[PDB]
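Chemist: As they sit in the full assembly, here are the leading chains:
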Amino acid sequence: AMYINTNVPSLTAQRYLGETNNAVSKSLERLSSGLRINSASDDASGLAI
Amino acid sequence: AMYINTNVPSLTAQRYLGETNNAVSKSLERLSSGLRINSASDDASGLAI
Amino acid sequence: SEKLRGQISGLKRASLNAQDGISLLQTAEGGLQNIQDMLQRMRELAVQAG
């Protein structure tokens, strides 16, 4: 059954592209910094040590 | 025999088109996701492993 | 003719009800998947300590 106004695969692909791009940005940040931890959220216990 | 409002071949074509569209949608979802199983219904035994 | 018409109408209504049913289970499995994703991170940070 064909429809119109029903482009769901576009939505799913957009979502997955979102996760891919966010992961790419995070890895870019990490390698450019050259530090494991960065920020304060990646690990909760390494900061104090 | 020629009738009016007996378009059975139209119904057959519509059915086959429906299954074809469903197959296309599932294949597109799978290859965009890059995963075999996805969801919870493709395989019932691989999820726990 | 009347009996066949009634059966056709009933079959169409059941066909609609089927998809009406399937949508709800799709929503439920999405929610369960999110919960399952959270639980494993909990277990990982659990094995962290000790």
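Modeler: Cool, the structure landed. Numbers count the residues shown, from 1 in each chain, chains lettered A, B, ... in the order given.
Chemist: Around residue C:22, how many other residues sit close by?
Modeler: 9 (other Cβ atoms under 10 Å in any protein chain shown). Every residue, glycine included, has its C-beta placed from N, CA and C.
Chemist: Helix or strand: which one has it?
Modeler: helix C:2-48 (DSSP states H and E).
Chemist: can you pull the buried residues of the helix or strand hosting residue A:24?
Modeler: Per DSSP H and E: residue A:24 is located in helix A:8-33. Residues of helix A:8-33 classed as buried by neighbour count (16 or more other Cβ atoms under 10 Å in any protein chain shown): none.
Chemist: hmm, it touching chain B?
Modeler: Yes. Judged by Cβ under 8 Å from any Cβ of the partner chain, helix A:8-33 comes into contact with chain B through A:9, A:12, A:13, A:16.
Chemist: Pull up the residues of chain A that are close to chain C.
Modeler: So chain A meets chain C at residue A:45 (Cβ under 8 Å from any Cβ).
Chemist: include chain D as well:
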Amino acid sequence: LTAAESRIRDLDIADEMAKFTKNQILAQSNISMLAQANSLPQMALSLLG
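Modeler: With chain D now in place:
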């Protein structure tokens, strides 16, 4: 939810187009039979006397 909701928006274009064509075909037969029926009565009677 946006997938579920957009299942009561429009039918397949195929069956609607089929119904459109079928009614279009049948209306012309209706009109032609109306014309012939209108021409029928008095023409076949005025020669009685």
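Chemist: quick recheck of the neighbour count of residue C:22 now chain D is there?
Modeler: Neighbours of residue C:22 (other Cβ under 10 Å): 11.
Chemist: For it, give its distance to chain B.
Modeler: The gap separating residue C:22 from chain B is 11 Å, by Cβ to the nearest Cβ, to the nearest Å.
Chemist: Next, find the distance separating that residue from residue C:28.
Modeler: Separation of residue C:22 from residue C:28 (Cβ to Cβ, to the nearest Å): 11 Å.
Chemist: Okay, angle between the helix holding residue A:24 and helix B:8-33 too, please.
Modeler: Helix A:8-33 and helix B:8-33 are oriented at 10 degrees to each other (axes from the mean of the first three to the mean of the last three Cα atoms, to 10 degrees).
Chemist: If you count contacts, what does helix A:8-33 end up packed against?
Modeler: helix B:8-33, helix D:2-5 (3 or more Cβ pairs under 8 Å, 6 or more residues apart in numbering or on different chains; DSSP states H and E).
Chemist: Compile the ones you listed into TSV and extend it with columns for distance to residue B:47.
Modeler: Output for the helices and strands packed on helix A:8-33, formatted as TSV (distance: least, Cβ to Cβ, whole Å):
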stretch	distance to residue B:47
helix B:8-33	15
helix D:2-5	23
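Chemist: and chain E, same structure:
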Amino acid sequence: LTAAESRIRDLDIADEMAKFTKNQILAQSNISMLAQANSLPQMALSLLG
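Modeler: Adding chain E to the chains above:
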């Protein structure tokens, strides 16, 4: 174990591509045949009338 787990990740992309291509080819044939099936019989009958 990471080698073992990455055996249910996704199919070798070639076969999924082949499935996509075949289904995409078959859908258009379905659509064309549906169009001709809609076209033929009612026009033939209207010609008869």
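Chemist: With chain E now part of the structure, what is the answer for what packs on helix A:8-33?
Modeler: helix B:8-33, helix D:2-5.
Chemist: does the very next helix or strand once past the last one come close to chain B?
Modeler: Spelled out, that is helix D:2-5. Note on helix D:2-5: by DSSP H and E, the next helix or strand toward the C-terminus is helix D:13-43. Yes. For helix D:13-43, a contact with chain B is found by Cβ under 8 Å from any Cβ, at D:14, D:15, D:18, D:22, D:25, D:26.
Chemist: Just name the closest of the residues you listed to chain A, please.
Modeler: Using Cβ to the nearest Cβ, residue D:14 comes nearest to chain A of the residues of helix D:13-43 next to chain B, at 6.9 Å.
Chemist: what residues does stretch C:24-37 touch?
Modeler: B:39, B:40, D:1, D:3, D:4 (Cβ atoms under 8 Å, 6 or more residues apart in numbering or on different chains).
Chemist: do stretch D:24-36 as well
Modeler: Contacts of stretch D:24-36 (Cβ under 8 Å, 6+ apart): B:4, B:5, E:42, E:43, E:45, E:46, E:49.
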